[PDB]
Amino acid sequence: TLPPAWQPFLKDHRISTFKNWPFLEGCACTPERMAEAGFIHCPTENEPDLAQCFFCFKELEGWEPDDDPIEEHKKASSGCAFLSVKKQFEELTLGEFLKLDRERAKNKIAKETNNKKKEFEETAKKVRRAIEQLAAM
């Protein structure tokens, strides 16, 4: 049905992204529970339990079986409008839904900005060090 860009708004889409997730039956942080919290699984060679809110884009690793994903999302990112959304998908008005997607688009830009900044700052330090060293010789 829905365009790719929008699928992550659907719990079932999100749940389906957890394949090879280690915390199943018996655990607090099940794929159902991770997805109810907004998380999408997106693991790396390095961090294979990496999860991301689809809406605010915060990443969390180091999950333990007892972790309650809502309490964790709340702790890591209290700003996230998804956490205030009470209604189900189909109960939302298009006005509301379009508003939420505008905000997600902004959240995304923000993370891309803040990233480019940290990378730029780190480059600035390499360049600066290198010119200190040259002045020194």
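In case it trips you up, residue 1 is the first one in the sequence shown, and so on.
Taking the mean C-alpha B-factor of each stretch as recorded, 44-52 and 106-114 are not equal, and the higher mean is that of 44-52. Mean CA temperature factor is higher for 58-66 when stretches 95-103 and 58-66 are set side by side in the entry. For residue 38, the recorded CA B-factor ranks within the lowest third of the chain. Only modelled residues enter the ranking.
Ranked within its chain, residue 119 lands in the middle third, by CA B factor from the PDB record.
Among all modelled residues in its chain, residue 126 ranks in the middle third by Cα B-factor.
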